[PDB]
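Subsequent text provides structure tokens for two forms of one protein chain, presented individually as structure 1 and structure 2.
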Structure 1
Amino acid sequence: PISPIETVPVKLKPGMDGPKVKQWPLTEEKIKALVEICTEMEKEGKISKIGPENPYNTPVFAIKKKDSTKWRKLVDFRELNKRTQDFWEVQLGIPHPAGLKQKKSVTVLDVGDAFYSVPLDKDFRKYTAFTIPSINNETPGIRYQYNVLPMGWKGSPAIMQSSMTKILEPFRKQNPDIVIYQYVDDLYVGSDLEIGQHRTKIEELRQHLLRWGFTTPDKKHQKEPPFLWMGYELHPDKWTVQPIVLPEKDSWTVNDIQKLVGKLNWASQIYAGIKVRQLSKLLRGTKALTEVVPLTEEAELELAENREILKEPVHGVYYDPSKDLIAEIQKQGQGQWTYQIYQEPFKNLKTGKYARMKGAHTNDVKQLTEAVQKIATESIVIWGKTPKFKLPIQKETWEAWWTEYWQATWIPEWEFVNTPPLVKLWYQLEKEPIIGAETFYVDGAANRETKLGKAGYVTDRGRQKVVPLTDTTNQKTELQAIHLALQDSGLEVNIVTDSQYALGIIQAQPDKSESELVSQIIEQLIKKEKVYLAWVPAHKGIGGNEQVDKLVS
């Protein structure tokens, strides 16, 4: 029945009127199915017939619901949504089963036709008008307007969720040791009461909902485990995901691979070790969802690795506030990381992965810091605190990073864990110049108009060189000059550039880059024994720099 709750007032955006779009013509057979749908809603007062004075319209359709014999009605409010006022959505996130505590007695209820039991602001209803064409448009046809929240309107989800929160608020305060997870219209209700008094409180909640017009059909009332909830299965001591089925295909299109990656991401919350870097790489540089992409060798391997992981069964456990949260991260290669969160060993609450490339140039320590940050945020959301960490980086390594790196950087209290591959700085720059090492004065210049440049050096041991460069930039020639000095020097080198751009990248100790040229420089720094790297201002006659600058010119 329609809630007697007060309506929420809503406005159109200023200056805008209502939608006015002819319903697409449809067959007479579907038209009276249409007719059928509205006749019965009209008997519950969910809609009312209107006429030609109302100058607005919007078209209607329906999709099969997974019910045996039920259907979903929908009206294409795309245009009205555009002209409706902006809303502050109150759904801030998705509850996760790893955030639940063990409960003695559990129930899952769903409200029936939640949207159609919430009324719509009276002054607004005339903008929800829709027409059902009659006699193949020979006559004007039947016209209705909504008296309740329409499915397909921009404001319906928020107003319904907001209305449910006010209806639940009395019952939550009345009995504070009953957990109620409220997701749209789905209610998880847990308690530490014996199943006797539990079911009393349940019936009492149901009656409270029904006085406000929210039915709870028996069909959607789950009373025994395993409970179906939010895509998972809740068992008394553990939880699992509902079965994940991945596409198996002879020929793969872009859109197929897009679906596969998304399934694997969804699986990564409980299946440890999932990787998607090589599968997602197939989507780069493509131009159509229907374009057929052949799997690379590395993508077949990664897919096969994920398939072996997924055929093992797995479960998460529930949250024990009386114990610490522990998060352990492993390194997987090519910028991929995987993590487990647990409280007792080998009993995961959940798992996850971090694999984003932030920036054109980075290194493992930065990315480890980013994974730590992602896990820290996820933990606040699910449990309201951050975990203690277990990381495969030595205290010496981290300390060498936050001293020789100029940006403030911190990670929370952690313990070293020996699970190779370890995270390590792949080279360090000397703080002082190296005695007995050759001194290279590097420089590169480019002509922006011609896109032609040179890179070269001169040396205290008397060495000199100049390489022509075609189709390059100013910044590339400078990187190129450092590239050659590292190429032609020994294990220990002193280098002096006048490009703080180049100094800026390299001083940050990157171990990977989207640039092949920067990648080449990294491979060379890793081979070296000692490197000192010094900057000087250009075009000031400084001995060394001016010699090489003149040579490059």
Structure 2
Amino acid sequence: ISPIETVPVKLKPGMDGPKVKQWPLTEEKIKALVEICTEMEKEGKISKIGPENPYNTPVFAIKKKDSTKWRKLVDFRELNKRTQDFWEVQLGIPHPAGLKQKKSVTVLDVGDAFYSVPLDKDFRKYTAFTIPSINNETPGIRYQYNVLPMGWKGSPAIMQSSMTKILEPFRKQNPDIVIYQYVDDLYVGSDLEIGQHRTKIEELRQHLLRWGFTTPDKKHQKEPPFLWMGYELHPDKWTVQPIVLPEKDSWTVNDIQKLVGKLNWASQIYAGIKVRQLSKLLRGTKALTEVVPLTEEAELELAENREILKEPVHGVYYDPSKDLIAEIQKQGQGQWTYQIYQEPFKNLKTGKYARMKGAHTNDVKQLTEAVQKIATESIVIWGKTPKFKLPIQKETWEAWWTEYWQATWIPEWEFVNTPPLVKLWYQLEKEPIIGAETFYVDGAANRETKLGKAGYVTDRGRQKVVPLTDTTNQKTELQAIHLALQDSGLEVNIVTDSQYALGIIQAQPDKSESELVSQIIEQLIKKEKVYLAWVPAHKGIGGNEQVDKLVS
């Protein structure tokens, strides 16, 4: 137990402590919980209480490991709901690509970090639990915590912030010693030669012990490779601890969920990982035990991933005297993969971006989002933004930010010829086309009936009306544009009265969750020239009036 001052905590206003009865348990668990708590009582982590304390939270018994030694955990779900909110100070996860090369490295853990931090004295009575007796022979043995319980909502933050306050004197005294503190795990690097470095280490251990934090020897790593945060720290490079993917004859939804999660974890260092086709399997499913047959595309993607994973890979460490460089490749179906490096073929890390934001988008927008994801990740890890290498031409980007009405930007980037390139798949003419037919399109739906029509008239005297079933207003308007593109030549002028349809199409999308919009896109890509114009409806205007006419 630390002599650090306790952090005052409160229940939420209006609420009392938990009063949850003890779910009965085996005479065996009963006696192991007796064993566990007599040793905690002699260490002062808990103390006996009686019936005058009215609170309770169930104590259940768990096998600690393969050895069969019993482990006690307390189900503070109910007390957690009644305890005040906290502001968590763990803002993120350190990444080994953010580390600089060091001469001397040490990895230490503190032992029973939680059970070494005292708990606010006035709050302890709410952590009361009861060990029951077989068949109610006795009332049972009640205890309460004097230290941070595992399973209480506030324990991780109070242990973390207590550790920060204890490390702070030592950190200020030695600014040339890097201490990464994650919960009870400490990485300590320096450029002092191992003799002076190990002096400072046991000095640090002694500081911790005066404040009640042991550092057991079995957790004191003195030699590379170091096991840290799921990685392996060698002097020149780093490593993920081995990734084992599920292998199944028959896959459940849950199996697939576990597979995608492993592949996303692997994607931080293994370039080119894809999960679009495997995650498609999760869609529309309705039970975690539902067996899902792999599609053909999913088997191929899994095999592609497995080939990548059998090759060994490593990341390098960060050299602050060189630029950060981020290179992106396009993978298809809205998937992007990236590497971040400082010297060529020496990746600090990798990643993937594959989210579809919006019902309708294009590759240029998604490239801009990938840049934004990488820019944020780079500030988290290295505190700065990388120079970019992108498979898009300057002419392409310039054509995009001059004809798109939203402000958009991407920082310093070099073009790199890495097919497939990102490109605009069509561009609407900014002026009407001489010699091209003019289509006046309209579509209307009856909100109550689900029925509608889409149609057009032209300056060449052509006209057409299609009946539509189970449709909407906005669909008939898209439908009307679909007809005009379908029946027109390579150059066309189209006048619509739907601001909605104009809005989607003028954004030059190249993919959509709408099949109707996807159909319009494939026709736009096949035209030579398209001018698309809006007019207000029901003002008896030009051709728009007669096509509206024709709709009814």
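In this text, the rigid core denotes the largest set of C-alpha atoms whose superposition between the two forms falls within 1.5 Å. Here, a residue number simply tells you its place in the sequence of structure 1, counted from 1.
- Among the candidates 67, 36, 28, 44, displacement between structures 1 and 2 reaches 2 angstroms at the C-alpha for one position only, 67 (superposition on the rigid core).
- Superposed on the core, the two forms differ at residue 134, whose C-alpha moves 1.2 Å between structures 1 and 2.
- We note a C-alpha movement of 0.2 Å at residue 86 between structures 1 and 2, with the rigid core held in register.
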